[PDB]
Amino acid sequence: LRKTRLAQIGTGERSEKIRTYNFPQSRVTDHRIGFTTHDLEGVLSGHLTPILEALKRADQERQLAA
RNA sequence: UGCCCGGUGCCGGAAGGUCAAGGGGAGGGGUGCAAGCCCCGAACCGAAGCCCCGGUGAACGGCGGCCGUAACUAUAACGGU
Ligand SMILES: [Mg+2]
Ligand SMILES: [Mg+2]
Ligand SMILES: [Mg+2]
Ligand SMILES: [Mg+2]
Ligand SMILES: [Mg+2]
Ligand SMILES: [Mg+2]
Ligand SMILES: [Mg+2]
Ligand SMILES: [Mg+2]
Ligand SMILES: [Mg+2]
Ligand SMILES: [Mg+2]
Ligand SMILES: [Mg+2]
Ligand SMILES: [Mg+2]
Ligand SMILES: [Mg+2]
Ligand SMILES: [Mg+2]
Ligand SMILES: [Mg+2]
């Protein structure tokens with residue numbers, strides 16, 4: 001339970017980031033794949049379905065073999 | 001060589017409360033023709049001791065429980081009761 005979190009959370013510093021919610025530019029960016037929407041209000045309201053799907057397609061495009 | 005004098009001990013306290021013998025003798029009783037003789041007996045005065053008020057530990061002794069809370073988990077300096 002402990003070592004697993006240190007893979008997920010880690011140091012929690014400004015780096016190590018998975019997603020930026022920069023209110024100035026109304027942007028939510030998943031830096032690990034490059035998908036960025038611009039509905040920072042709807043995303044924060046709970047419409048995270050596109051970000052999960054856009055990671056889902058790049059999730060099996062982690063299984064591209066030979 | 002710390003904190004606790006509520007209990008026990010000891011020390012201090014001419015007040016107060018309780019308290020024996022004794023003092024007191026309201027008012028009762030027995031007996032006698034009577035004068036009397038004989039018993040009972042309220043209030044009230046009346047020590048120490050105990051009660052009561054303090055002090056006292058190198059006097060007898062005694063020195064808690066539960067719940068919550070911090071940049072990973074853990075822990076809890078902190079808080080509540
Ligand atoms: Mg004591
Ligand atoms: Mg005392
Ligand atoms: Mg004492
Ligand atoms: Mg006593
Ligand atoms: Mg004394
Ligand atoms: Mg008498
Ligand atoms: Mg007399
Ligand atoms: Mg008369
Ligand atoms: Mg007569
Ligand atoms: Mg006395
Ligand atoms: Mg006392
Ligand atoms: Mg001592
Ligand atoms: Mg003892
Ligand atoms: Mg004791
Ligand atoms: Mg914690």
Side-chain angles (χ1 to χ4, degrees), chain A residues 1-40 42-55 57-66:
Chain A
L1 190 46
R2 182 188 178 109
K3 308 168 303 195
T4 310
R5 288 192 190 87
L6 272 64
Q8 301 177 316
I9 280 189
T11 323
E13 210 53 51
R14 271 157 189 96
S15 308
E16 303 173 353
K17 88 267 88 200
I18 252 44
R19 193 105 34 81
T20 290
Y21 306 77
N22 170 269
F23 285 19
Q25 312 280 20
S26 161
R27 189 201 60 258
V28 185
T29 319
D30 193 288
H31 320 81
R32 335 165 248 175
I33 64 159
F35 175 81
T36 159
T37 156
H38 271 74
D39 207 30
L40 173 96
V43 157
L44 281 170
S45 291
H47 318 336
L48 259 202
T49 111
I51 304 203
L52 288 175
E53 299 172 354
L55 278 143
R57 36 183 71 101
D59 195 353
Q60 217 191 195
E61 286 175 45
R62 209 182 316 233
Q63 329 298 308
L64 310 185

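Note on naming: letters A, B, ... go to the chains in the order of the sequence lines (proteins, then strands), and numbering restarts at 1 for each one.
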Query - Pairwise side-chain contact, A/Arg32 with A/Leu55, heavy-atom cut-off 4.5 Å (strictly under) - result: yes

Query raised in the report: Would a 4.5 Å heavy-atom cut-off, applied to side chains only, mark A/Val43 and A/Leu48 as touching?
Result: yes

Query raised in the report: Would A/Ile18 and A/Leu6 show up in the same hydrophobic cluster when neighbours are defined by side-chain heavy atoms closer than 4.5 Å?
Result: no

How far does [atom1] of [X] sit from [atom2] of [Y], to the nearest 0.5 angstrom?
{"X": "A/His47", "Y": "A/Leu40", "atom1": "NE2", "atom2": "CG", "value": "12.0 Å"}
{"X": "A/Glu53", "Y": "A/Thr49", "atom1": "CD", "atom2": "OG1", "value": "4.0 Å"}
{"X": "A/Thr36", "Y": "A/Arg19", "atom1": "OG1", "atom2": "CZ", "value": "11.0 Å"}

Report summary line: Given the options A/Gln25, A/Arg27, A/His31, A/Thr29 meets side chain to side chain donor-acceptor pair (under 3.5 Å) only with A/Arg27

Query - Main-chain N/O of A/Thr11 paired to A/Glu16 side chain as donor or acceptor, under 3.5 Å - result: yes

Query raised in the report: Do any N or O atoms from the side chain of A/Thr37 and from the backbone of A/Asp39 form a donor-acceptor pair under 3.5 angstrom?
Result: yes

Query raised in the report: Is the CG atom of A/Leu64 crowded by more than 12 outside heavy atoms at less than 6.0 Å?
Result: yes

Query raised in the report: What are the two closest non-hydrogen atoms of A/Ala54 and A/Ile33, and how far apart are they?
Result: O-CD1, 3.4 Å

